[PDB]
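I have placed the structure first, in the form of structure tokens, so that the comments after it can refer back to it.
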Amino acid sequence: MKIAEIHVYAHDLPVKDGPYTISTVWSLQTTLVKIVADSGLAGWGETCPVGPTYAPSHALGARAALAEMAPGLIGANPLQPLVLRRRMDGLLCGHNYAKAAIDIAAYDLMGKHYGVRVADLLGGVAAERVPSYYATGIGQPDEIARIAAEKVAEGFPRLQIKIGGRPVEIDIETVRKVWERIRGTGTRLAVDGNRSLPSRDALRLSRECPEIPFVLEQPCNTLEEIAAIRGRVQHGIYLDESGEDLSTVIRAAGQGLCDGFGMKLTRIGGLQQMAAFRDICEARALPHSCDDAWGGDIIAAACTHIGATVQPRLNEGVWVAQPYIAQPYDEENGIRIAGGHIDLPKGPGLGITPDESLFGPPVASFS
Amino acid sequence: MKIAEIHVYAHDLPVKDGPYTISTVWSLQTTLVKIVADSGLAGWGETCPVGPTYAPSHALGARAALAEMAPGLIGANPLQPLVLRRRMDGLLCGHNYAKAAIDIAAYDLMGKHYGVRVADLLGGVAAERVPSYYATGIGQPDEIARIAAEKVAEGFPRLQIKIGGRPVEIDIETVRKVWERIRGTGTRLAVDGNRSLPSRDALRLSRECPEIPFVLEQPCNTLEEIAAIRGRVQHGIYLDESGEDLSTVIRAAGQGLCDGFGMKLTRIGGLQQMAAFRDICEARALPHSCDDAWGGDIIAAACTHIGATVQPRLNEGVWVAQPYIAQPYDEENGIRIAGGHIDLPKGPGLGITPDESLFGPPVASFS
Amino acid sequence: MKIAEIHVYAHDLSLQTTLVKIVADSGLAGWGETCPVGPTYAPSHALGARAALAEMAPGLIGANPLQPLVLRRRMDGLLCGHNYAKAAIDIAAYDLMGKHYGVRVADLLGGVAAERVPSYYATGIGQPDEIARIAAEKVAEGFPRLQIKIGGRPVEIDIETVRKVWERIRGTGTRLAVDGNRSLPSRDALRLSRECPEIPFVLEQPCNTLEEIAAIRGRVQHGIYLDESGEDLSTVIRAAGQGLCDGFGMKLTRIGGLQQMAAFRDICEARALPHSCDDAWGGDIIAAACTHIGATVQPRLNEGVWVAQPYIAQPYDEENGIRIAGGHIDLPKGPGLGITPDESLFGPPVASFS
Amino acid sequence: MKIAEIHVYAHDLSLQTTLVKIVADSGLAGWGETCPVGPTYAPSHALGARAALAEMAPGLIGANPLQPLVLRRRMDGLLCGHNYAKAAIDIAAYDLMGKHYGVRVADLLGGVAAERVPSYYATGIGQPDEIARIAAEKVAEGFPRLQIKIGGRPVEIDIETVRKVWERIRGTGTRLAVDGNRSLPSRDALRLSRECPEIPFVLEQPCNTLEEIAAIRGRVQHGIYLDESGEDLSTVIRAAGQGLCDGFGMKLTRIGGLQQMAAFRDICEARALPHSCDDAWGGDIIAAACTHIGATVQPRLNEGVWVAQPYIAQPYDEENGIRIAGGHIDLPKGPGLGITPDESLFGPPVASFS
Ligand SMILES: [Mg+2]
Ligand SMILES: [Mg+2]
Ligand SMILES: [Mg+2]
Ligand SMILES: [Mg+2]
Ligand SMILES: [Mg+2]
Ligand SMILES: [Mg+2]
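Taken in order, these protein sequences are the chains called B, B', A and A'. A prime marks a further copy of an entry chain. Numbered per the entry's author numbering, the first sequence spans residues 1 to 22, 25 to 369. Numbered per the entry's author numbering, the second sequence spans residues 1 to 22, 25 to 369. Numbered per the entry's author numbering, the third sequence spans residues 1 to 13, 29 to 369. Numbered per the entry's author numbering, the fourth sequence spans residues 1 to 13, 29 to 369.
Right, here's the structure in full:
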């Protein structure tokens with residue numbers, strides 16, 4: 001097989017009952035990639051930054067990066083994801099979030115070609131139904147507590163409470179009121195500082211609440227700050243935004259700098275790298291989620307496929323933007339949350355067939 | 001431009017309702035510097051140690067250091083603060099507190115020359131009104147608690163409780179009674195040991211009060227002692243007196259030895275170095291104050307100008323001695339606390355025009 | 001698809032190799048192999064291999080052989096450790112997968128990065144002049160890398176050997192490794208490197224434990240590679256994350272199979288740590304497995320694939336077995352491992368499970 | 001004063032450079048530039064530059080261009096990362112500031128410490144004898160420092176190049192840097208330093224990651240400089256505070272502009288860490304910006320300002336553009352950057368915002 005065509009698409013996704021406050027976002031522009039083989043067989047990828055301020059990545063940026071690489075990828079074998087990743091690195095440094103769109107499209111194409119689900123190309127389906135988790139927005143303490151209780155009732159096995167960007171007393175009150183509503187339900191709790199807490203405040207949050215079993219997710223902006231407070235914090239600490247590449251994961255795992263990860267597939271550079279990430283975590287019993295920043299059926303299915311291969315006791319869940327998205331790409335097999343969990347699609351490849359019409363004509367085509 | 005004249009002045013400032021107990027001080031002698039350019043344009047600086055025992059600096063010392071350097075500064079370009087600092091280092095080693103008086107006078111002169119506020123020469127005004135904080139003296143627990151409540155009512159967003167020099171049980175009682183009066187007002191709390199606590203007592207203070215959200219400011223005498231207890235202390239620790247120069251700040255930030263700073267402008271050597279200090283803290287999300295030991299309108303305006311450039315979420319405030327000083331240098335635009343905050347002066351340079359007569363004739367003049 | 005039968009074979013090469036044949040419901044078969052290089056090199060041996068396989072086999076009947084990670088966890092649920100035995104099952108399943116999808120194993124592990132894989136030649140211990148001659152002969156045959164085995168005798172002799180080998184190969188563009196095979200006290204590893212700064216070897220597993228290696232690393236100016244100490248992925252992660260070594264000699268059977276070997280490769284690539292893809296010993300089946308993972312390694316980080324072929328008289332597959340040619344190995348063309356063993360050579364299974 | 005217009009230009013040099036023109040309400044204009052040295056040197060590229068600028072520009076209209084730190088925070092509020100693009104806006108604002116106050120940019124960054132700024136010459140990869148000749152020719156032209164690029168081939172050749180260059184320049188008082196451009200495995204970086212103690216190079220960014228550099232630093236007796244690893248001020252603070260390097264090659268666009276470059280300079284000066292003030296590539300505008308910050312560096316710590324000028328046929332400003340003369344660069348005399356680009360050379364903007 002050989003890549004004959006690459007098509008790049010721009011597409012809008014508005015948030016139902018927005019805004020979503022982390025980066026505050028009111029609507030999203032996702033970028034889709036279609037790879038077409040010699041045989042006419044096609045595979046789909048997707049990348050969608052959650053606003054331009056959450057990570058060093060944006061929509062205009064994804065398309066420029068993809069247009070930079072695409073002519074150099076015509077003629078490449080799409081059935082060789084590691085060889086393909088190296089070829090990409092030879093065309094553009096960094097830009098993992100754009101390279102991930104190509105990597106996903108290639109696995110989709112591989113699965114369709116061999117007649118196999120992407121999860122089975124990544125080591126095999128460990129669970130047909132994968133846990134998810136609900137991430138609350140920043141808001142009033144009592145209202146976040148009400149939402150938390152409602153989501154536990156829906157069947158979510160884990161909740162992530164977003165905090166920061168305001169006095170930490172309010173964050174602390176939110177955490178306590180949420181715990182009061184969900185204690186004794188067996189629901190797991192994460193508190194996500196989204197890089198916004200000075201060490202002063204991360205120390206206070208943990209010191210004041212030893213009896214509340216949260217993990218502190220990316221509380222500070224840099225890995226250096228996190229490494230400095232770790233010894234003084236008795237709650238587990240997870241890395242998210244700091245987990246920028248496999249090399250950094252190796253540093254954090256090998257030097258014992260964290261107790262887990264919230265990992266985004268686009269950030270690490272795609273499924274080839276994500277599988278290696280998964281294996282490092284499993285060797286060290288580090289729980290992790292398999293998420294992305296945002297996006298529709300394509301990126302959501304990719305996250306679900308890698309999530310289905312994770313050892314169940316280490317699976318902190320797969321987050322998807324589906325509940326905030328009005329129009330799915332695939333009304334028949336698209337990714338849906340049901341009872342706080344996600345059923346893996348049953349068909350070959352990602353198991354998703356995008357209604358290509360929805361996206362409009364490509365903003366760029368390459369052959 | 002060139003420096004034509006440098007004039008050094010000695011001037012007394014008595015503390016209203018003194019003494020102020022940290025070093026116990028009953029009145030203060032400040033030192034002022036006037037730099038006069040070829041064009042006759044003038045700029046003002048000030049340095050005022052808070053008694054001779056708080057830091058390795060004193061009033062007689064400032065004037066001897068200034069007289070040592072001044073003949074070597076005639077003819078220098080006052081519009082080049084880094085070049086000027088290097089020229090000073092070539093005349094006298096150390097003595098940052100005296101070099102700072104010259105540095106401030108040079109920025110004042112620059113601002114007047116270009117028609118720009120000093121804060122806009124330091125990166126720009128981030129806030130026209132800067133927060134301040136109130137520092138209580140050492141005293142009886144109930145009385146310090148009463149004062150704390152009164153200052154919160156005045157609008158101070160942060161309080162610093164001075165402790166030490168007596169059994170730590172009394173310091174601990176003070177902290178608890180203050181917290182009882184201000185809890186739930188959103189007021190931030192610092193406890194300043196002013197180098198006086200053995201590690202034994204700093205450990206006890208933090209261990210006994212996990213539920214009281216203070217930061218522990220310079221609890222022990224040396225940075226070495228602080229580095230040794232850090233891992234065992236669950237409250238944030240700020241450096242003050244230990245932050246002697248930019249090199250030490252780089253050590254503390256880069257090795258993760260503290261969670262913030264109380265920084266004095268004269269100690270670091272002036273505004274050129276203070277701006278670099280600010281940038282290091284901002285890169286690491288380390289909150290800090292912009293203070294000095296003491297002094298009137300000149301040094302207070304200099305602290306306020308650098309304070310106005312600090313990222314608001316990292317600004318622990320600007321401390322000034324104004325409420326303890328009877329006669330301001332500038333009755334029209336001089337620095338005043340109002341509602342626990344300080345309005346930045348609106349005019350060019352420091353925005354301060356000292357009533358030169360107040361100071362008396364210079365004790366030393368150079369041309 | 002499901003595993004319907006597992007057959008275990010014993011075969012002499029001598030060294031006692033152990034072959035595994037996995038048969039699916041369809042009758043489609045995959046082959047694996049494991050062959051400890053004597054019972055004293057590693058915590059592994061031939062009788063142990065067959066015992067471990069006998070322990071796991073009944074609990075693997077009915078398993079899906081197309082899911083290498085799920086299969087590895089299932090094995091872990093039947094027997095702790097024993098990676099050298101688990102590796103035989105893992106290899107057979109990849110062979111079967113490849114045949115099922117009609118794809119080379121290397122293209123199931125990320126893709127072929129090179130059809131011609133470099134090898135390296137490992138000299139046994141011997142007299143300095145004789146080792147130096149063999150070094151020169153092997154360079155002439157095309158091997159791009161030589162590994163000189165030392166230890167078990169006064170280090171003066173090891174140092175003499177290294178200097179004479181270097182005399183012969185300097186300027187040929189040949190890379191040099193000196194393998195202490197866990198046998199040097201720190202005392203001697205320090206002396207070896209201290210006396211020879213102008214000789215560009217890497218020091219491979221000079222000392223017995225990772226602890227001893229971490230203790231001398233700062234005092235040694237030659238790159239240090241881990242071999243025997245790289246017992247599992249967790250230890251690789253420690254060594255890479257804490258900067259305890261500059262490369263690896265990695266054995267497929269030691270790490271537990273191709274699934275784990277692929278993750279090990281990705282860790283090394285992220286940190287620019289060169290490595291070889293070897294095993295202790297064995298014929299076409301284990302040799303093919305090493306060649307396949309070797310073909311996926313970034314060429315600039317590939318220290319080579321070692322195989323026992325030159326020491327083995329009878330290949331399992333006369334047409335397409337692994338052969339060294341010009342110091343390199345060509346990747347087989349066929350699906351799976353690309354190897355088809357003549358089962359008549361092995362005799363009937365010593366154990367069958369169904 | 002407020003930003004009223006931002007105009008983005010594309011121009012070939029080939030390398031694709033991107034120019035930015037900021038126009039204030041008064042009509043007063045400032046110029047910036049960013050030009051990645053190919054899309055593979057750094058996580059940056061020309062199409063990416065224009066995309067990032069297009070993302071930020073609308074949100075910058077109305078901003079006060081006389082407040083470089085407030086402006087930087089405002090940019091951060093519009094787009095995370097992308098320092099190489101932010102740098103173009105930062106430079107244009109300093110140019111505008113300088114013109115507004117009638118002051119050279121260097122005197123807005125602390126003051127001119129030298130009117131004549133040292134440069135250094137960077138040899139591309141090539142054959143050892145040819146590189147050695149170019150080294151000698153460039154020393155004769157007056158360059159006080161030479162940087163030799165290596166890697167991407169067997170290290171024996173890099174070592175031969177270094178030795179031949181040294182043969183030619185020893186005794187001329189020329190300083191030497193050897194740049195590995197992220198391409199050496201620890202194995203080879205160790206060998207390079209181990210074999211050449213008598214050659215006084217610093218080893219610049221030998222390995223890909225800061226992690227690998229921290230791991231070999233104690234075993235390497237030559238000074239080590241960071242380049243590509245110095246991605247932001249936070250990483251500089253780590254490297255300086257933990258003693259992970261002995262100096263820096265710093266690129267203005269990588270660190271995000273002159274505001275951050277000034278703080279970086281102050282950190283290096285406090286720790287006596289020598290550094291260069293460079294960028295990837297580009298014409299008079301980026302070259303002038305580097306020269307201005309370079310003119311503020313303590314002379315004893317100034318490793319030089321590199322510019323692409325010798326490789327560029329058409330300067331933007333025929334009268335006062337940046338030129339290398341005698342291995343040094345004279346600081347322009349005029350206000351702002353002291354440069355006045357002939358806009359007719361660039362063609363109309365590819366994007367305009369108002
Ligand atoms: Mg997160
Ligand atoms: Mg203090
Ligand atoms: Mg050869
Ligand atoms: Mg070995
Ligand atoms: Mg010279
Ligand atoms: Mg460089």
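For each residue, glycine too, the CB sits at the ideal point set by N, CA and C.
Any heavy atom of ligand 4 closer than 8 Å to the CB of residue 210 of chain B?
Taking the first sequence and counting its residues from 1, the one referred to as residue 210 of chain B is at position 208. False, no ligand heavy atom lies under 8 Å from that Cβ.
Would you call the stretch 61-81 of chain B and the stretch 327-339 of chain B touching, i.e. three or more CB-CB distances under 8 Å?
no
Strictly under 9 Å for the Cβ-Cβ distance: is residue 341 of chain B near chain A' by that measure?
The residue given as residue 341 of chain B occupies position 339 in the first sequence. Closer than 9 Å: no.
Could you confirm whether any beta carbon from chain B is found closer than 9 Å to the beta carbon of residue 91 of chain A'?
To locate residue 91 of chain A', count along the fourth sequence from 1; it is residue 76. True, the Cβ-Cβ gap to chain B drops below 9 Å.
Range of the contiguous alpha helix (DSSP H) that encloses residue 430 of chain A:
Lying outside 1 to 369, the shown extent of chain A, residue 430 of chain A is not represented and no answer is given.
Using the Cβ count rule (16 or more neighbours within 10 Å means buried), how would you classify residue 336 of chain A'?
One-based indexing of the fourth sequence puts residue 336 of chain A' at position 321. Flag for residue 336 of chain A' reads buried.
Residues of the stretch 261-286 of chain B with Cβ closer than 7 Å to any Cβ of chain A, in chain order
So the list reads 274, 278, 281, 282, 285, 286, given in the order they occur along the chain.
Can you give me the C-alpha to C-alpha distance between residue 147 of chain B' and residue 204 of chain B', rounded to a whole angstrom?
By one-based count along the second sequence, residue 147 of chain B' stands at place 145. By one-based count along the second sequence, residue 204 of chain B' stands at place 202. Looking at the two C-alpha atoms, the distance is approximately 21 Å.
So which residues of chain B does residue 20 of chain A' contact, with C-beta pairs closer than 9 Å?
In the model as presented, chain A' runs from 13 straight to 29, which leaves residue 20 of chain A' without coordinates.
For the stretch 269-303 of chain B, list the alpha helix (DSSP H) runs that are entirely contained and at least 4 residues long, ordered along the chain.
Entirely contained in the stretch 269-303 of chain B, the alpha helix (DSSP H) runs reaching 4 residues are, in chain order, 273-285.
Rounded to the nearest angstrom, what separates residue 186 of chain B' and residue 50 of chain B at their Cα positions?
Taking the first residue of the second sequence as position 1, residue 186 of chain B' is located at position 184. Taking the first residue of the first sequence as position 1, residue 50 of chain B is located at position 48. For residue 186 of chain B' and residue 50 of chain B, the distance between alpha carbons rounds to 41 Å.
Should residue 180 of chain A' be listed as close to ligand 5, given that the test is whether its C-beta is under 8 Å from any heavy atom?
Here residue 180 of chain A' is taken as the residue at index 165 of the fourth sequence, counted from 1. Residue 180 of chain A': no, Cβ never under 8 Å from ligand 5.
Where residue 241 of chain B' meets chain B, residues with beta-carbon distance less than 8 Å:
Residue mapping note: residue 241 of chain B' aligns to position 239 of the second sequence, counting from 1. Residues of chain B passing the Cβ test: none, with the nearest at roughly 13 Å.
Simplified DSSP assignment, three categories, for residue 306 of chain B'
Within the second sequence, numbered from 1, the residue matching residue 306 of chain B' stands at position 304. Note: residue 306 of chain B' maps to helix in three-state DSSP.
I need the boundaries of the beta strand (DSSP E) containing residue 150 of chain B, first residue and last residue.
Mapped onto the first sequence, residue 150 of chain B falls at position 148. From DSSP, residue 150 of chain B is part of no beta strand (DSSP E) but of the alpha helix (DSSP H) over 143-156.
Start and end residues, alpha helix (DSSP H) containing residue 227 of chain B:
On the first sequence, residue 227 of chain B is found 225 positions in, with the first residue counted as 1. From DSSP, the alpha helix (DSSP H) with residue 227 of chain B extends over 225-231.
Just the C-alpha distance for residue 35 of chain A and residue 102 of chain A, rounded to the nearest angstrom, thanks.
For the purposes of this step, residue 35 of chain A is identified with residue 20 of the third sequence, where counting begins at 1. For the purposes of this step, residue 102 of chain A is identified with residue 87 of the third sequence, where counting begins at 1. Each residue's Cα considered, the two are about 10 Å apart.
Going by DSSP, what residue range makes up the beta strand (DSSP E) through residue 97 of chain A'?
Walking along the fourth sequence from the start, residue 97 of chain A' turns up at place 82. Taken as a continuous stretch (DSSP letters only), residue 97 of chain A' belongs to no beta strand (DSSP E), as it is neither H nor E.
Length of the line joining the Cα atoms of residue 37 of chain B' and residue 108 of chain B'
As a first step, residue 37 of chain B' is located in the second sequence; it is residue number 35 there, counting from the start. As a first step, residue 108 of chain B' is located in the second sequence; it is residue number 106 there, counting from the start. Rounded to the nearest whole angstrom, the CA to CA distance from residue 37 of chain B' to residue 108 of chain B' is 7 Å.
In its own chain, which residues sit with a C-beta less than 8 Å from the C-beta of residue 206 of chain A', not counting the 5 before and 5 after it?
Here residue 206 of chain A' refers to the residue found at position 191 of the fourth sequence. If we look at residue 206 of chain A' and ignore the five residues flanking it on each side, its Cβ neighbours are 170, 174.
Under a Cβ-count criterion, where at least 16 other Cβ atoms within 10 Å of its own Cβ denotes burial, should residue 142 of chain B' be classed as buried or exposed?
The count along the second sequence starts at 1 and reaches residue 142 of chain B' at position 140. Answer is exposed; the Cβ neighbour count stays below 16.
In three-state DSSP terms, what is residue 311 of chain B?
Looking up residue 311 of chain B in the first sequence gives position 309. It is coil, neither helix nor strand.
Within the present structure, is the beta-carbon of residue 188 of chain A' separated from the nearest heavy atom of ligand 7 by less than 8 Å?
Absent from the structure shown: ligand 7. Ligands present: ligand 1, ligand 2, ligand 3, ligand 4, ligand 5 and ligand 6.
For the beta strand (DSSP E) containing residue 179 of chain A', list its first residue and its last residue.
Translated into positions along the fourth sequence, residue 179 of chain A' becomes position 164. Run containing residue 179 of chain A': none in the beta strand (DSSP E); it sits in the alpha helix (DSSP H), 170-184.
Which residues share a DSSP beta bridge with residue 162 of chain A?
Position 147 of the third sequence holds residue 162 of chain A. Paired residues: A:137, A:192.
Could you pull out every unbroken alpha helix (DSSP H) segment of at least 4 residues lying fully inside the stretch 65-132 of chain A, listed in chain order?
83-91, 98-116
Along the chain, where does the alpha helix (DSSP H) containing residue 5 of chain B' start, and where does it finish?
Position 5 of the second sequence holds residue 5 of chain B'. Unbroken run through residue 5 of chain B' is the beta strand (DSSP E), 3-14; no alpha helix (DSSP H).
Check whether the Cβ of residue 161 of chain B' lies closer than 9 Å to any Cβ atom in chain B.
To locate residue 161 of chain B', count along the second sequence from 1; it is residue 159. So, not an interface residue.
Consider the C-beta atom of residue 264 of chain B' and the heavy atoms of ligand 2; say whether any pair is separated by less than 8 Å.
Your numbering for residue 264 of chain B' matches position 262 in the second sequence. Yes - ligand 2 has a heavy atom lying nearer than 8 Å to the Cβ of residue 264 of chain B'.
Label residue 209 of chain A either buried or exposed according to how many other C-beta atoms from any shown protein chain fall within 10 Å of its C-beta, with 16 as the threshold for buried.
For the purposes of this step, residue 209 of chain A is taken as the residue at position 194 of the third sequence. By the 10 Å Cβ count, residue 209 of chain A comes out exposed.
Residue 33 of chain B (DSSP reduced to helix, strand or coil):
In the first sequence, residue 33 of chain B corresponds to position 31, counting from 1. Note: residue 33 of chain B maps to strand in three-state DSSP.
Indicate, with yes or no, if ligand 4 has a heavy atom lying under 8 Å from the CB of residue 48 of chain A.
If you number the third sequence from 1, residue 48 of chain A lands on position 33. The answer is no for residue 48 of chain A.
Over what stretch of residues does the alpha helix (DSSP H) that includes residue 210 of chain A' continue unbroken?
Locating residue 210 of chain A' in the fourth sequence gives position 195, counting from the first residue. Per DSSP, residue 210 of chain A' belongs to the alpha helix (DSSP H) from 201-210.
Does the beta-carbon distance from residue 278 of chain B to residue 254 of chain A come in below 9 Å?
In the first sequence, residue 278 of chain B corresponds to position 276, counting from 1. In the third sequence, residue 254 of chain A corresponds to position 239, counting from 1. Not a contact, by the Cβ cut-off of 9 Å.
Residue 249 of chain A - containing alpha helix (DSSP H), residue span:
Within the third sequence, the letter at position 234 stands for residue 249 of chain A. First-last of the alpha helix (DSSP H) with residue 249 of chain A: 248-256.
6 Å Cβ shell around residue 259 of chain B - same chain, five flanking residues per side excluded:
Here residue 259 of chain B refers to the residue found at position 257 when the first sequence is read from its first residue. Hits under 6 Å: 229.
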